[PDB]
Structures are given as C-alpha cells and as structure tokens.
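Peer 1: Let me give you the complex in parts, starting here:
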Amino acid sequence: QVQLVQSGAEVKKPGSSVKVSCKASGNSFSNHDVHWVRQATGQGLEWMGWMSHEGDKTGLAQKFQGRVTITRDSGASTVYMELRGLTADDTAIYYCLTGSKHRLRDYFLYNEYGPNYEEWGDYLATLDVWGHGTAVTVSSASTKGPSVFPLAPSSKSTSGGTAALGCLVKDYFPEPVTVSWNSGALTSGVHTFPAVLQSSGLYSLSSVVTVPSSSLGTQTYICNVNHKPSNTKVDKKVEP
C-alpha cells in the first residue's frame, strides 16, 4: 500500500504552463513505473504518458506530443509532468499513478558469430495506485469567496408534511467548495449540487434539504460553507 503525494491545486492563465509533481512513499518510483492520467469534470479518463521505473523509457499520448515533459529527479525521488500552452480544455484533475508492465522480447534473430539480434517492448498490464490528483484550473479569473444566500422554505417549497430549504452559494473561484448542514448533524435528505461555471468565469452551486414541515417552527437550519482558496468560512441561518 504505497501512498502517492501530489502537488497542490493550481490556477493558470490560458497560454501558460503547469509543472505537477508527485512523490511515492518508500521512494517507490524507483521500482514501479509512473503514469499520468487526467480527467475533466464529467468526462472520461485520458492517459497522458508514463516512464518506466528503470528510467530507460518514456512515452506520451498523441495529443500531448510536443506539449508534455515527464521527468524525475535522481534516485527517482520526485516525478514531474509539465504541460504547456494551456487552454480551458486542459482544465482537469491530473493524476499520478504506479503501474505494472510486461517487458518482453518481441524480435529475436540467432547470431552464431556474436551477440544476438534482439528488440524488446513494453506492454501495460495494470494501473495500480492512484494519487489523489492535482486540480488544474485554466482561467484568467481572480480568487473570490462565495456569497451565500438563503433559499427560504415557503408554501412554494412545502407539500405532504415536507418542506425544502437551501443555500445558494454564488460567485466563487476557483473550485472546490464544501457545504454541510448544522455542522454535519443533518445529512438525511441533503442534496448538494455540483457547481456550474458561469459566463463570468465564476462558479455557483446550491445545497438543498428536505425536512419535516413540523420542524420549521422549532429546528434551526444553518448551512456551513467553506471555500479554502479564499479562506472564506460562512455560516448562514435559513429562516421561513
């Protein structure tokens, strides 16, 4: 159970470059191949490149040809992936990972009069340990804490003994934001929606919860909003 540690989230302007780093417990990149995989929100896995733990082989996807450098320090203590010429299309979570290969002799021709003719190939057998990822956001936006507005429970959010209420978490950058209710004490019937990216380049999301209509007179509802990038911590009471 090797653990991979990745560098922190970054925001980069279109046209610039990011260099992501990765370390493995026990210096495991010495003995296990490194892979890079990225994934944009709501989209598929995309293999980027790899380096053999032997340090004698590197490869990239066709799309990253001329865009990406994969390198490591001596003793393979840290591994790096540099992506240049960033666009909004490069906004994704970038994962570092270990994998296993089969290094096999593909070509062999017997030479009776000296060393043999050989060619060896690498074949990917497994992707093993995934890092937690590094979120890279490609945008010219400025860090901004959200405004938090109540979604008040009313007759227009109530029926059959149940009411809905929520918080609108408007205009923040970058991701991520976390939301809890009553300091984690309220979890049943909570829906916290994925953020949407607005035209302004800022994000918004809402969190809603359904509760018994009965309880509106007596139970307090507070949404707790945390936006670490801006050190913004908001507790908002939601009244009828």
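Peer 2: Thanks, I have it. Residues are numbered from 1 along each chain as shown, chains lettered A, B, ... in the order given.

Peer 1: Can I take it that residue A:239 is in a strand?
Peer 2: No: under DSSP: H, G, I helix; E, B strand; the rest coil, residue A:239 falls outside any strand and is assigned coil.

Peer 1: Skipping adjacent residues, who's closest to it in space?
Peer 2: Nearest non-adjacent residue to residue A:239, counting by Cβ to Cβ, 6 or more residues apart in numbering: residue A:152, 6.4 Å away. For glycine as for every other residue, the C-beta is placed from the backbone atoms N, C-alpha and C.

Peer 1: tally of neighbours for the one you found?
Peer 2: Neighbour count for residue A:152, taken as other Cβ atoms under 10 Å: 12.

Peer 1: Please determine how far the nearest residue in space to residue A:164 that is not next to it in sequence is located from residue A:42.
Peer 2: Take residue A:164 and drop its neighbours on the chain: the residue closest to it by Cβ to Cβ, 6+ apart is residue A:157, 4.4 Å away. Residue A:157 sits 28 Å away from residue A:42, going by Cβ to Cβ, to the nearest Å.

Peer 1: related to what we said a few turns ago, could you check how far the residue nearest to residue A:164 is from residue A:170?
Peer 2: Plainly put, residue A:157 is 19 Å away from residue A:170 if you go by Cβ to Cβ.

Peer 1: just residue A:199 next, same as before
Peer 2: 14 Å.

Peer 1: now swap in residue A:158 and tell me
Peer 2: Distance from residue A:158 to residue A:170, by Cβ to Cβ: 24 Å.

Peer 1: next one: residue A:35
Peer 2: Residue A:35 is 38 Å from residue A:170, where distance means Cβ to Cβ.

Peer 1: Please identify which of these two sits among more neighbours.
Peer 2: Taking neighbours as other Cβ under 10 Å, residue A:35 and residue A:170 compare with residue A:35 leading, 23 against 15.

Peer 1: Test my guess that that one contacts residue A:52.
Peer 2: No: counting by Cβ atoms under 8 Å, residue A:35 stays clear of residue A:52, with 10.6 Å between them.

Peer 1: Buried residues, the longest strand seen in chain A. List them.
Peer 2: Across chain A, the strand with the greatest residue count (assigned by DSSP state E) is strand A:92-109. Buried residues in strand A:92-109, counted by 16 or more other Cβ atoms under 10 Å: A:92-99, A:101.

Peer 1: Kindly report the same for stretch A:160-169.
Peer 2: Within stretch A:160-169, the residues that count as buried by 16+ other Cβ under 10 Å are A:163-169.

Peer 1: okay, those in a markdown table with distance to residue A:214 next?
Peer 2: Shown next, in a markdown table, are the buried residues of stretch A:160-169 (distance: Cβ to Cβ, whole Å):
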| residue | distance to residue A:214 |
| --- | --- |
| A:163 | 9 |
| A:164 | 14 |
| A:165 | 14 |
| A:166 | 19 |
| A:167 | 21 |
| A:168 | 25 |
| A:169 | 27 |
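
Peer 1: Also put chain B in, sequence below:
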Amino acid sequence: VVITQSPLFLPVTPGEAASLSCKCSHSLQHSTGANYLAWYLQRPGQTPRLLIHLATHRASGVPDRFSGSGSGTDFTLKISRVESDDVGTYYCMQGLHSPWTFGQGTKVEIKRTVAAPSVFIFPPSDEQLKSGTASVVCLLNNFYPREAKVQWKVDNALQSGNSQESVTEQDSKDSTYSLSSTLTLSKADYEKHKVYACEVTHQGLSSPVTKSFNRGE
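Peer 2: Placed with the earlier chains, chain B looks like this:
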C-alpha cells in the same frame, strides 16, 4: 487503434446481470498469448478501481460477481447481481499498442420504477436583491429516469441563455436523481415582471408541471 465501448448507458435492475462490450480495431493479443486489456470501475467521487487485468483475471479483492472474457478484438465484462456499489463508469484500457488508451466508458446505474420529481421554487433573497442581482431557484427532487427538462417563464415569456442547471449522482438508497436550475436576472429586469415560473417535463408526468410565484406576494 480505436476502442468502442458499448452500451454507452446501462440501467440495471438490482440483482440482475450486466454485460459490457469493449471492442478494438486491432487485436490486443501479444504473440506470447496474453491479451492486454483491463477493466476499471470509477464510482462518483473516487479514483478508478482495477477490476480485471489481462482480459480474464480479477484484481485483488474484486468480488467474484465480476468476470472478464474475450481474446483478440472483442472483450466482455459481466457483472452478476448488480448492486448500488457497482454504479459508476466502467472503462476498458488497452495495453498492447503504444500509446496506451482508455475506452470512452460505459455508464452503469440502478434501474428503478418511474418517479416524477417533486418541484419546489425559491424566490431571490432580499439580501441578494440588495446587491443588484436576482437568482430564482427551481428544485426537482427524487426523480427517475435522469432525463428532465426545465423551462423558465417570466410573465409566461420563455427564457433562454439566463439559466444553468446541475444534477446530482444517483442516490444509493432510492435510486433517484435531483436537479436544480437557477435563473439569473438583474434587479432591474426582475422588478419589471410579476410571475416567475418553473415549467417541468418528465417521463413520470402526464403533462408538464408549473411552479410559480408572484413577485412580492
């Protein structure tokens, strides 16, 4: 070298079997005999978990209801007795031809009976209005299947280009989805109109449902 996964979207009745196809334009069999094809499950919020490697081998700790087969170009992942822990996206990955590549994925969800959304509407807060903007929020709660349509009306006029929506992941307990839509206007536009309405279409509704309020009361 191309990979096609099929189907793109697969609803499965709990306890029923599932069958996923991964086909490649080129053989994935090395001359030594091994097929370099792997299957991965990615659940919402998680990194992918290896299920099957070298086409037919379960990975360590993978329950025996997952099984892989196939050789050459055509490969299958069977899941017997599907449950909510099996929900997510399944990717195959070919490891024979450099550069290595993932398939585009098959999305698997729990199939359940039809459920129309409960629809709730929220006017903008007095605090938000103070700042010169009005967001109206519509919530569609606990519906299935995932396909739903929200149309915002202002004094019955159809709106476009001023709203955004977001859908949750499938609830593991009741197998439903929830959706929120947010209409955004300036305070100025918002105060020129009276009726704000969220009109909703879904397989579970025999005709569209409108939730509305009048500005003020």
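
Peer 1: let's see the neighbour count of residue A:152 again after adding chain B.
Peer 2: Burial measure for residue A:152: 16 neighbouring residues, criterion other Cβ atoms under 10 Å in any protein chain shown.

Peer 1: now swap in residue B:180 and tell me
Peer 2: Neighbour count of residue B:180, defined by other Cβ under 10 Å: 29.

Peer 1: and what of residue B:160?
Peer 2: 7.

Peer 1: Look up how far chain A lies from it.
Peer 2: Between residue B:160 and chain A the computed distance is 14 Å (Cβ to the nearest Cβ, to the nearest Å).

Peer 1: In three-state terms, how would that residue be classified?
Peer 2: Secondary structure for residue B:160, judged by three-state DSSP, is coil.

Peer 1: Let me see the contact set for the residue in chain A positioned nearest to chain B.
Peer 2: As assessed by Cβ to the nearest Cβ, chain B sits closest to residue A:124 within chain A, at 3.1 Å. By Cβ atoms under 8 Å, 6 or more residues apart in numbering or on different chains, the contact set of residue A:124 is A:50, A:99-101, B:36, B:93, B:95, B:100.

Peer 1: all helices of chain B, in order?
Peer 2: Applying DSSP state H to chain B gives helices spanning B:126-130, B:187-190.

Peer 1: Find the nearest non-adjacent residue to the residue most central in space within chain A, please.
Peer 2: By Cα atoms, centre = their mean, chain A has its centre lying nearest to residue A:93, at 3.4 Å. The shortest distance from residue A:93 to any non-neighbouring residue, by Cβ to Cβ, 6 or more residues apart in numbering or on different chains, is to residue A:133 (4.1 Å).

Peer 1: now the residue positioned nearest the centre of chain B: how far from chain A?
Peer 2: For chain B, the residue nearest the mean C-alpha position is residue B:169 (6.4 Å; Cα atoms, centre = their mean). From residue B:169 across to chain A, the span is 9 Å (Cβ to the nearest Cβ).

Peer 1: dump the residue contacts of that residue.
Peer 2: B:44-45, B:177 are the contacts of residue B:169 under Cβ under 8 Å, 6+ apart.

Peer 1: Closest to residue A:144 out of those?
Peer 2: In terms of Cβ to Cβ, no member of the contacts of residue B:169 lies closer to residue A:144 than residue B:45, at 24.8 Å.

Peer 1: give me phi/psi at the nearest residue to the closest one once chain neighbours are set aside?
Peer 2: Spatial nearest neighbour of residue B:45, chain neighbours left out: residue B:169 (7.9 Å); criterion: Cβ to Cβ, 6+ apart. Dihedral pair for residue B:169: phi -80, psi 160, per degrees, to the nearest 10.

Peer 1: wait, doesn't residue B:93 sit right on residue B:48?
Peer 2: No: using Cβ under 8 Å, residue B:93 is not in contact with residue B:48, being 9.3 Å away.

Peer 1: For the residue in chain B positioned nearest to chain A, give me phi and psi.
Peer 2: In chain B, the residue found nearest to chain A is residue B:95; the distance is 3.1 Å by Cβ to the nearest Cβ. Backbone geometry at residue B:95, expressed as degrees, to the nearest 10, gives phi -120, psi 10.
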